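Q: What follows is a structure written as structure tokens; I'll ask about it next.
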Amino acid sequence: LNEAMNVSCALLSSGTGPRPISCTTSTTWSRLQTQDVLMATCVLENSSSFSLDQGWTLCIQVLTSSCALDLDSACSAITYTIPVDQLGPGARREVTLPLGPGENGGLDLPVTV
Amino acid sequence: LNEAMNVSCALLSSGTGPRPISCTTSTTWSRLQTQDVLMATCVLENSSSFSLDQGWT
């Protein structure tokens with residue numbers, strides 16, 4: 001818990017550029033069967049010493065085009081979770097989760113992860 | 001049909017180089033969510049003049 005307290009103070013306070021923990025998200029184009037699909041590498045980095053012990057998890061959420069359409073959409077959003085296990089200093093792990101065309105180039109674009 | 005028979009004869013023939021229609025495969029490791037996957041790209045190439053019009057698969 002003390003490691004968690006130090007980490008939480010690090011993230012929330014110190015209103016500077018470099019935080020100890022970060023998650024940079026890129027986009028990429030990869031080929032599956034014949035299609036091209038978009039991918040999001042979300043790369044989590046631990047630049048500090050605090051070493052996220054256990055009972056930390058990583059909750060990515062991928063929100064489509066944002067508006068209050070009357071009927072609803074079949075998938076308002078998607079969520080993925082991953083338990084982070086050790087993640088000591090300087091380490092990093094990487095998660096490719098797609099955004100790709102929904103069934104007929106079906107990709108409205110602002111899309112926020 | 002004539003174009004088909006010509007492609008067929010070229011493909012069945014021996015020339016010491018697979019000219020008319022070739023298909024290479026090549027392995028590439030990719031990434032899906034957490035686990036690395038092994039994919040095979042199969043590139044089909046037409047070198048010769050013969051057009052594979054509708055009817056081939």
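In the structure tokens, the first chain shown is A, the next is B, and so on; residue numbers restart at 1 for each chain, and ligands run from 1 in the order shown.
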Counting only C-alpha atoms, collect the residues of chain A whose closest atom lies at most 8 Å from chain B, and write them out as an MDAnalysis selection string.

A: chainID A and resid 94:97

Q: Within 6 Å of residue 46 of chain A, counting only C-alpha atoms, which residues show up once you throw out same-chain ones fewer than 3 positions away? Write them as a PyMOL selection string, please.

A: chain A and resi 21+89-91

Q: Could you pull out the alpha helix (DSSP H) residues of chain B from DSSP and send them as a ChimeraX atom specification?

A: /B:2-12

Q: Choose the residue, out of B:1, B:10, B:37, B:23, that has the smallest atom-to-atom separation from residue 53 of chain B; count only C-alpha atoms.

A: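 Going through B:1, B:10, B:37, B:23 one by one, the smallest distance to residue 53 of chain B is for B:1.
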
Q: I need the residues in segment 20-67 of chain A that are strand (DSSP E or B) according to DSSP; give them as number ranges by chain.

A: A: 21-25, 28-31, 36-46, 56-63

Q: Generate a file of the selected residues that holds C-alpha atoms, formatted as a PDB file, in the first residue's frame.

A:
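Result written to result-v9.pdb:
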ATOM      1  CA  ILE A  21       4.160   6.022 -15.373  1.00  0.00           C
ATOM      2  CA  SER A  22       2.820   6.677 -18.900  1.00  0.00           C
ATOM      3  CA  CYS A  23       0.826   4.985 -21.677  1.00  0.00           C
ATOM      4  CA  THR A  24       1.621   6.259 -25.181  1.00  0.00           C
ATOM      5  CA  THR A  25      -0.851   5.125 -27.838  1.00  0.00           C
ATOM      6  CA  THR A  28      -0.725   1.434 -37.268  1.00  0.00           C
ATOM      7  CA  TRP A  29      -2.071  -0.290 -40.369  1.00  0.00           C
ATOM      8  CA  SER A  30      -1.732  -4.086 -40.536  1.00  0.00           C
ATOM      9  CA  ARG A  31      -3.062  -6.613 -43.038  1.00  0.00           C
ATOM     10  CA  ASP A  36      -6.228  -3.530 -43.974  1.00  0.00           C
ATOM     11  CA  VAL A  37      -7.165  -2.857 -40.351  1.00  0.00           C
ATOM     12  CA  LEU A  38      -6.119  -0.209 -37.860  1.00  0.00           C
ATOM     13  CA  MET A  39      -4.362  -1.209 -34.676  1.00  0.00           C
ATOM     14  CA  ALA A  40      -3.579   0.695 -31.496  1.00  0.00           C
ATOM     15  CA  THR A  41      -0.338  -0.194 -29.742  1.00  0.00           C
ATOM     16  CA  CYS A  42      -0.903   1.120 -26.226  1.00  0.00           C
ATOM     17  CA  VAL A  43       2.594   1.051 -24.651  1.00  0.00           C
ATOM     18  CA  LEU A  44       2.719   1.273 -20.862  1.00  0.00           C
ATOM     19  CA  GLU A  45       6.038   2.538 -19.409  1.00  0.00           C
ATOM     20  CA  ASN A  46       7.343   2.550 -15.820  1.00  0.00           C
ATOM     21  CA  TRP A  56      -2.710  -3.128 -10.107  1.00  0.00           C
ATOM     22  CA  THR A  57      -4.633  -3.601 -13.326  1.00  0.00           C
ATOM     23  CA  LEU A  58      -4.785  -1.723 -16.650  1.00  0.00           C
ATOM     24  CA  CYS A  59      -8.206  -0.746 -18.005  1.00  0.00           C
ATOM     25  CA  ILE A  60      -8.202   0.461 -21.620  1.00  0.00           C
ATOM     26  CA  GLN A  61     -11.465   1.660 -23.065  1.00  0.00           C
ATOM     27  CA  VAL A  62     -12.032   2.463 -26.695  1.00  0.00           C
ATOM     28  CA  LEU A  63     -14.874   4.866 -27.248  1.00  0.00           C
TER      29      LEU A  63
END

Q: Please report the interatomic distance between atom CA of residue 74 of chain A and atom CA of residue 112 of chain A in Å with one decimal.

A: 17.6 Å

Q: Considering only C-alpha atoms, return as an mmCIF file with N, CA, C and O atoms, in the first residue's frame whatever protein or nucleic-acid residues lie within 8 Å of residue 21 of chain B, sequence-local ones (same chain, fewer than 3 positions apart) excluded.

A:
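Output saved as selection-v3.cif:
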data_model
loop_
_atom_site.group_PDB
_atom_site.id
_atom_site.type_symbol
_atom_site.label_atom_id
_atom_site.label_comp_id
_atom_site.auth_asym_id
_atom_site.auth_seq_id
_atom_site.Cartn_x
_atom_site.Cartn_y
_atom_site.Cartn_z
ATOM 1 N N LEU B 11 2.012 -23.333 -67.215
ATOM 2 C CA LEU B 11 2.092 -23.714 -65.796
ATOM 3 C C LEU B 11 2.442 -25.175 -65.645
ATOM 4 O O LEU B 11 3.045 -25.533 -64.624
ATOM 5 N N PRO B 18 9.994 -20.540 -62.630
ATOM 6 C CA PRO B 18 8.522 -20.472 -62.622
ATOM 7 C C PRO B 18 8.006 -19.084 -63.016
ATOM 8 O O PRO B 18 7.610 -18.281 -62.179
ATOM 9 N N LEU B 44 0.975 -13.381 -54.816
ATOM 10 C CA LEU B 44 0.848 -13.937 -56.165
ATOM 11 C C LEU B 44 1.342 -12.905 -57.196
ATOM 12 O O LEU B 44 0.923 -11.766 -57.144
ATOM 13 N N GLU B 45 2.173 -13.310 -58.150
ATOM 14 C CA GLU B 45 2.797 -12.398 -59.128
ATOM 15 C C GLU B 45 2.594 -12.940 -60.527
ATOM 16 O O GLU B 45 2.893 -14.121 -60.764
ATOM 17 N N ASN B 46 2.129 -12.077 -61.423
ATOM 18 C CA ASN B 46 2.095 -12.366 -62.865
ATOM 19 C C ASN B 46 3.259 -11.661 -63.542
ATOM 20 O O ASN B 46 3.339 -10.419 -63.495
ATOM 21 N N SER B 47 4.150 -12.445 -64.118
ATOM 22 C CA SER B 47 5.283 -11.923 -64.883
ATOM 23 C C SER B 47 4.894 -11.857 -66.355
ATOM 24 O O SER B 47 5.015 -10.774 -66.949
ATOM 25 N N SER B 48 4.367 -12.957 -66.889
ATOM 26 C CA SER B 48 3.982 -13.094 -68.308
ATOM 27 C C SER B 48 2.832 -12.161 -68.702
ATOM 28 O O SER B 48 2.199 -11.563 -67.822
#
